[PDB]
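Residue numbers (the entry's author numbering), protein chains in the order written: chain B, 3 to 326; chain A, 3 to 326. Note that beta-carbon positions come from the ideal geometry of N, C-alpha and C, so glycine has one too. To keep things clear, I will list the structure first and then write my remarks on it.
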């Protein structure tokens, strides 16, 4: 795959199109405002309430989800993943007309087919790889956040042009675009957050904190040596990969990295990751998540409360207050 | 243990002391410049060469290691770990007097007794939890980098005041100090970098990248999904612990974290970490590091050349180029 920029957006396919951003959370706000600022004709579709009035206060023609869908040619759904299906069936699906384009920033619901859009309507993706506030600020400072785009179904023949022009309008084409598919975006993103970025990482930190404190070491220092110091290392990797990080640390740290990394993350861990990937590919994770939501989030409930009781989280909070 | 600040630096024990900083790398430069800006009487001891001239350029009275040691009351050794022993025996030890204080920023060589300092000389530590340029620049902008301080032997009775006044002089007391011991700093620092921050982390990322690319996914998205996106996750952990990070990510991502984290990092991984810790405590890691250095770094050589051949490093370098 080759990375793409503003020069590669061949068609300004959003020209003359009535655009509805569904949701006015952090992400919806960033998308709609960025596009407005770029030149596009943006309205907002929300439940009446906090976000609604803030959208009107922000200067947007705001409506319900249904009427904003009726008025729109392009409808980007930026509600929370867990309410997209219900919101789509109730408010969006009855108001779609052939030749509309329906966008998402995450492939989960379309890929796993919890939502199915009629085959005379385009489904596209623009997935900026950053949080809404950063997508807005980097644009509010004319560069942006790199993004993935994809098309799930192309009824009109313009779906890829709409997705790239969306990524142009929100600033992402300034820094870089990667083409993907709904399936690859969904599965690589679920795997990355589960196996490395969020699950693996937090579990790796927690396991190291437990080894130290169970061996009798001071928890405040352990907090520094498994968590606080991580930011520096990750910043170095972000800017220059393993190579830049391993150049900047001491030779003693570097050698311990090469020697002990493979003793901690073994072949068995790589196997465990494969079983994590398999459950993403075969739909079992997606079903577990959606089932938990439908049951009233009982697993998420237990998880969140156990996590609030962790020693590292209490020690960490105190130390963060002590260091303004 | 509780966090201490400038207020807790009871005595200004560096007052009237001639201070030698041994080494003029980034760490030496930071420590010496901050202390001189703090108004301490700082000379540089380093072998003739560019460092010798860069120090003389920066306005420091600059001598050989042996000659600087002879002039100084307080001698802070900031040469690289691997040469401190030879450097100390040849150049430093002959020029120490009773009531001098010798400083380190890392306890490795004192804790494992590669270096033994006469019993009428203080041995202390001030260990900023950041790299030199950061220790320098934060000082210039009016705050600093947190630090650990410790004392290994206190001959004069002023060792601890000297360590805290050093941390105050380099800016660390602006942010927070933590008292530790030479044994705990050494063993927790070695374990943190090996099990979590450096070794664990890079092996985790690499195992994830391999699982994705061996399963057939595009290497460039995998880079984003196991590496590039980690900066945001870790910044959130740095600012507000797991709690803030888990609030900030999607519920799908957060759910996957709770569910897959413990599948990847198992009890067996925690057992692997315990064996890592044990080889730190029993001195085997230390001896293997020093033996590799004595034999001409042959293991480190192989490791470094293998690291340079990693697909994730080749694909990351291209993408980091494509995203300036």
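What does residue 232(A) touch in chain B if you count any residue whose Cβ is under 8 Å from its own?
Counting from 1 along the second chain, the entry for residue 232(A) is found at position 230. Correct list: 198, 199, 203, 236, 239 and 240.
Give the residues of chain A in contact with residue 251(B), contact being defined as C-beta atoms less than 8 Å apart.
For the purposes of this step, residue 251(B) is taken as residue 249 along the first chain, with counting starting at 1. Ordered by position in chain A, the residues that pass the 8 Å Cβ test against residue 251(B) are 195 and 200.
If you measure between the beta carbons of residue 221(B) and residue 172(B), is that distance less than 8 Å?
Translated into the one-based positions of the first chain, residue 221(B) becomes position 219. Translated into the one-based positions of the first chain, residue 172(B) becomes position 170. Against a cut-off of 8 Å, the Cβ pair of residue 172(B) and residue 221(B) comes out as no contact.
Using a 10 Å radius around the Cβ and a threshold of 16 neighbouring Cβ atoms, would you call residue 326(A) buried or exposed?
Taking the first residue of the second chain as 1, we reach residue 326(A) at position 324. Residue 326(A) should be labelled exposed.
Kindly indicate which three-state DSSP category residue 16(B) falls into: helix, strand or coil?
For this step, residue 16(B) is matched to residue 14 along the first chain. Reduced to three states, the DSSP call for residue 16(B) is coil.
Do you know how far the Cα of residue 199(B) is from the Cα of residue 287(B)?
Locating residue 287(B) in the first chain gives position 285, counting from the first residue. Locating residue 199(B) in the first chain gives position 197, counting from the first residue. If I take the Cα positions, the gap works out to 17 Å.
Applying the criterion that 16 or more other CB atoms from any shown protein chain within 10 Å of the CB defines a buried residue, is residue 145(A) buried or exposed?
Position 143 of the second chain holds residue 145(A). Exposed: under 16 other Cβ atoms inside 10 Å.
Of the listed residues 238(A), 203(A) and 31(A), nearest to residue 134(A) (C-alpha basis):
In the second chain, counting from the first residue as 1, residue 134(A) sits at position 132. Checking every option, the nearest Cα to that of residue 134(A) belongs to 31(A).
So, is the C-beta of residue 116(B) closer than 8 Å to a C-beta in chain A?
Your numbering for residue 116(B) matches position 114 in the first chain. No, its Cβ sits nowhere closer than 8 Å to a Cβ of chain A.
Where do the N-terminal and C-terminal ends of the beta strand (DSSP E) with residue 10(B) fall, by residue?
Looking up residue 10(B) in the first chain gives position 8. Here residue 10(B) belongs to no beta strand (DSSP E), and DSSP marks it neither H nor E.
With 8 Å set as the bound, which would you pick, yes or no: does the beta-carbon of residue 122(A) sit closer than that to a beta-carbon of chain B?
If you number the second chain from 1, residue 122(A) lands on position 120. So no, residue 122(A) is outside the interface.
CA nearest to the CA of residue 60(A), picked from 66(A), 52(A) and 153(A):
By 1-based counting over the second chain, the position of residue 60(A) is 58. Minimum Cα distance to residue 60(A) is reached at 52(A).
Grouping DSSP H, G and I as helix and E and B as strand, with all else coil, what is residue 122(A)?
Counting from one through the second chain, the residue named residue 122(A) turns up at place 120. Coil.
Beta carbon proximity, residue 262(A) to chain B, threshold 8 Å
Within the second chain, the letter at position 260 stands for residue 262(A). At least one chain B Cβ lies under 8 Å of residue 262(A).
I'd like to confirm the pairing. Which residues does DSSP put opposite residue 232(B) in its beta bridges?
Looking up residue 232(B) in the first chain gives position 230. BP columns for residue 232(B) are empty, so no partner.
Compute the Euclidean distance between the alpha carbons of residue 263(B) and residue 7(A), then round it to the nearest angstrom.
Within the first chain, numbered from 1, the residue matching residue 263(B) stands at position 261. Within the second chain, numbered from 1, the residue matching residue 7(A) stands at position 5. Between residue 263(B) and residue 7(A), the C-alpha separation is close to 35 Å.
Please name the residue in 89(B), 226(B) and 176(B) whose C-alpha comes closest to that of residue 147(A).
On the second chain, residue 147(A) is found 145 positions in, with the first residue counted as 1. When only C-alpha atoms are compared, the closest one is 226(B).
Kindly say whether residue 229(A), judged by its beta-carbon, lies nearer than 8 Å to any beta-carbon of chain B.
Translated into positions along the second chain, residue 229(A) becomes position 227. By this cut-off, residue 229(A) is an interface position.
Near-chain B residues of the region 22-44 of chain A (beta-carbon distance less than 7 Å), N- to C-terminal order
none
Below-8 Å beta-carbon distance, residue 243(B) vs any chain A residue:
Sequence index remark: in the first chain, residue 243(B) carries index 241 (1-based). Taking Cβ atoms only, chain A reaches closer than 8 Å to residue 243(B), which makes this a yes.
8 Å Cβ cutoff, residue 83(B) in contact with chain E:
Any reference to chain E falls outside this structure, whose protein chains are B and A.
Looking only at DSSP bridge pairs, what is residue 45(B) linked to?
Stepping through the first chain from its first residue, residue 45(B) is reached at position 43. BP columns for residue 45(B) point to 22(B) and 63(B).
Quick check on the burial criterion: 16 or more other C-beta atoms within 10 angstroms. Buried or exposed for residue 93(B)?
For the purposes of this step, residue 93(B) is taken as residue 91 along the first chain, with counting starting at 1. The residue is buried, with at least 16 neighbouring Cβ atoms inside 10 Å.
Just the chain A side, please: which residues come within less than 8 Å of residue 131(B) by C-beta, in chain order?
One-based indexing of the first chain puts residue 131(B) at position 129. Those are 226, 230 and 231, listed as they occur along chain A.
Assuming residue 164(A) and residue 126(A) form a contact by the criterion Cβ under 8 Å, report the distance between their Cβ atoms to the nearest whole angstrom.
Numbered from 1 along the second chain, position 162 holds the residue referred to as residue 164(A). Numbered from 1 along the second chain, position 124 holds the residue referred to as residue 126(A). About 6 Å separates the two Cβ atoms, so the contact holds.
For residue 210(A), which residues in chain B fall below 8 Å Cβ to Cβ?
Counted from its first residue, the second chain places residue 210(A) at position 208. Those within 8 Å of residue 210(A) in chain B are 193, 194, 197, 198, 202 and 275.
What does residue 50(A) reach in chain B if we use C-beta pairs closer than 8 Å?
In the second chain, residue 50(A) corresponds to position 48, counting from 1. Per Cβ cutoff of 8 Å: no residues; residue 50(A) is ~23 Å from chain B at best.
Can you tell me the Cα-Cα spacing of residue 109(A) and residue 324(A), whole angstroms?
Position 107 of the second chain, counted from the first residue, corresponds to residue 109(A). Position 322 of the second chain, counted from the first residue, corresponds to residue 324(A). Looking at the two C-alpha atoms, the distance is approximately 41 Å.
Looking at residue 47(B) and residue 76(B), is the spacing between their C-beta atoms short of 8 Å?
Here residue 76(B) refers to the residue found at position 74 when the first chain is read from its first residue. Here residue 47(B) refers to the residue found at position 45 when the first chain is read from its first residue. No, the Cβ-Cβ distance between residue 76(B) and residue 47(B) is not below 8 Å.
Any chain B beta carbon closer than 8 Å to residue 86(A):
Taking the second chain and counting its residues from 1, the one referred to as residue 86(A) is at position 84. Not closer than 8 Å to any Cβ of chain B, the Cβ of residue 86(A) fails to qualify, so no.
From what residue to what residue does the alpha helix (DSSP H) around residue 273(B) run?
As a working note, residue 273(B) is residue 271 in the first chain. First-last of the alpha helix (DSSP H) with residue 273(B): 269-283.
Which chain B residues sit within Cβ distance under 7 Å of residue 79(A)?
On the second chain, position 77 is the one that residue 79(A) refers to. Ordered by position in chain B, no residue passes the 7 Å Cβ test against residue 79(A), which lies about 14 Å from the chain.
Is it true that the CB of residue 195(B) sits closer than 8 Å to the CB of residue 156(A)?
By one-based count along the second chain, residue 156(A) stands at place 154. By one-based count along the first chain, residue 195(B) stands at place 193. No, the Cβ-Cβ distance between residue 156(A) and residue 195(B) is not below 8 Å.
Using a Cβ-Cβ cutoff of 9 Å, what residues of the region 88-104 of chain B are near chain A? List them in chain order.
none
Comparing alpha-carbon positions, which option in 248(A), 81(A) and 45(A) lies nearest residue 69(A)?
Numbered from its first residue, the second chain carries residue 69(A) at position 67. Cα-wise, what sits closest to residue 69(A) is 45(A).
Evaluate residue 104(A) with the Cβ neighbour count: other Cβ atoms within 10 Å of its Cβ, from every protein chain shown; 16 or more gives buried, anything less gives exposed.
For the purposes of this step, residue 104(A) is identified with residue 102 of the second chain, where counting begins at 1. By the 10 Å Cβ count, residue 104(A) comes out buried.
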